[PDB]
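The structure appears right after this line, and notes come after that.
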Amino acid sequence: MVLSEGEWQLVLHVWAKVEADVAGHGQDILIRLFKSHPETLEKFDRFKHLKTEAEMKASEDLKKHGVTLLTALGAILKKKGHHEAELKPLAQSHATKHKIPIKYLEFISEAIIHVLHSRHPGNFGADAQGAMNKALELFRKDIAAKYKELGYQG
Ligand code: HEM
């Protein structure tokens with residue numbers, strides 16, 4: 001797939017707002033993911049034990065990962081589709097070490113779109129959401145093709 005420059009603009013305009021508070025957005029997104037799809041919490045051997053949203057909000061580790069995650073995602077979006085190099089090391093650790101099925105990357109994509117829609121309604125109207133959705137589908141498709149070359153396709 002190929003996003004037009006206009007679509008990338010809509011994606012990088014609402015991303016510039018996320019970047020004013022990377023850690024808070026990281027928290028929101030992961031919690032939304034763990035409340036909606038609890039099974040995903042099992043993949044984190046470091047968080048696993050958290051029983052409630054309050055415990056999640058108070059975990060420094062969960063907040064640290066959220067920052068790591070969003071920083072990596074932001075560096076991939078700013079490439080505007082030329083993200084081959086960034087995707088290699090990511091695909092290898094998620095396919096071979098963590099073992100994150102494609103389906104879970106769809107779950108966090110949904111959590112990302114839920115959180116932008118709540119926080120940024122004015123910069124996240126229908127067209128901007130369709131463009132973000134296009135940019136995360138692109139990301140999932142290229143990661144899935146790399147999973148396959150690596151022997152996982154999960
Ligand atoms: C937007 C998608 C994602 C991005 C950009 C992303 C990024 C990362 C990055 C940069 C790291 C650290 C370096 C590495 O291990 O490769 C990481 C670690 C990890 N990620 Fe992902 N990730 C994504 C989605 C997920 C999802 C959906 C899950 C699981 C339900 C997952 C589970 C983890 C785990 C288990 C680790 C290790 C955490 C720790 O113990 O240090 N990732 N991810």
Side-chain angles (χ1 to χ4, degrees), residues 1-44 47 56-57 62-154:
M1 16 192 313
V2 179
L3 269 84
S4 68
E5 168 78 6
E7 293 177 314
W8 280 120
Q9 280 303 290
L10 291 167
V11 163
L12 298 171
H13 177 66
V14 71
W15 200 254
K17 310 300 188 199
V18 174
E19 297 193 310
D21 178 15
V22 184
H25 284 82
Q27 262 169 323
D28 281 8
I29 290 169
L30 284 173
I31 290 164
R32 162 33 74 156
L33 172 71
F34 299 150
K35 301 197 329 203
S36 296
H37 308 275
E39 63 261 46
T40 63
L41 180 55
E42 281 162 80
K43 293 274 163 186
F44 293 87
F47 300 140
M56 284 177 199
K57 277 171 204 225
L62 182 154
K63 163 147 135 318
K64 296 190 336 273
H65 182 57
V67 172
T68 301
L69 197 146
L70 286 191
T71 304
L73 180 59
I76 280 161
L77 292 174
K78 285 173 201 193
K79 281 345 275 303
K80 296 159 49 161
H82 296 96
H83 55 229
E84 314 55 54
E86 284 68 28
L87 239 61
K88 275 165 124 148
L90 190 72
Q92 180 172 52
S93 62
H94 286 55
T96 311
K97 185 172 161 40
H98 313 319
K99 275 71 151 213
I100 306 310
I102 288 300
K103 166 77 107 142
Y104 291 2
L105 304 175
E106 285 169 339
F107 291 159
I108 200 168
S109 282
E110 170 192 14
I112 284 154
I113 281 163
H114 171 90
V115 168
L116 302 195
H117 174 88
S118 308
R119 289 220 199 209
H120 303 294
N123 280 330
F124 208 60
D127 285 356
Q129 178 170 337
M132 184 54 86
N133 175 63
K134 216 167 146 180
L136 298 175
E137 297 193 346
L138 176 59
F139 168 69
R140 276 192 253 158
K141 163 163 137 299
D142 282 8
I143 280 264
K146 287 29 133 173
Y147 272 2
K148 180 170 210 351
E149 304 170 40
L150 292 171
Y152 173 63
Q153 239 332 86

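In this chain, residues are counted from 1 in sequence order. Worth knowing before you read on, the calculation uses all heavy atoms, side chains too, and leaves out hydrogens, waters and symmetry mates.
- With sequence neighbours left out, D21 forms a salt bridge (charged side-chain N to carboxylate O under 4.0 Å, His left out) with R119.
- Ring-plane geometry between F44 and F47 is classed as parallel, the angle between the planes falling under 30 degrees on a 0 to 90 degree scale with a further cut at 60.
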Result block: side-chain N/O donor-acceptor pairs under 3.5 angstrom for residues 6-16, not counting sequence neighbours:
unit_1	atom_1	unit_2	atom_2	d
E7	OE1	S4	N	3.0
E7	OE1	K134	NZ	2.8
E7	OE2	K134	NZ	3.4
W8	NE1	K80	O	3.4
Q9	NE2	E5	OE2	3.4
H13	NE2	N123	OD1	3.1
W15	NE1	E19	OE2	3.3

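- Partners of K79 according to the salt bridge (charged side-chain N to carboxylate O under 4.0 Å, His left out) rule, which considers only residues two or more places apart in sequence or in another chain, are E86.
- The side-chain hydrogen bond (donor to acceptor under 3.5 Å, both in side chains) contacts involving residues 144-154 comprise nothing, where partners must be two or more places apart or lie in separate chains.
- Considering only residues two or more places apart in sequence or on other chains, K103 meets the salt bridge (charged side-chain N to carboxylate O under 4.0 Å, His left out) condition with none of them.
- The side chain to side chain donor-acceptor pair (under 3.5 Å) test applied to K43 returns no partner, not counting sequence neighbours.
- For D142, the salt bridge (charged side-chain N to carboxylate O under 4.0 Å, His left out) test picks out no residue, with sequence neighbours left out.
- Every side chain to side chain donor-acceptor pair (under 3.5 Å) that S109 has, sequence neighbours left out, goes to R140.
- Contacts of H83 classified as ring-ring contact (aromatic ring centres under 6.0 Å, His included), with partners at least two apart in sequence or in another chain: none.
- Residues satisfying the side chain to side chain donor-acceptor pair (under 3.5 Å) test with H120, not counting sequence neighbours, are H25.
- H117 meets the ring-ring contact (aromatic ring centres under 6.0 Å, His included) test with no other residue; sequence neighbours excluded.
- Residues meeting the side-chain contact (heavy atoms from CB on, under 4.5 Å) test with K141, sequence neighbours left out: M1, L138.
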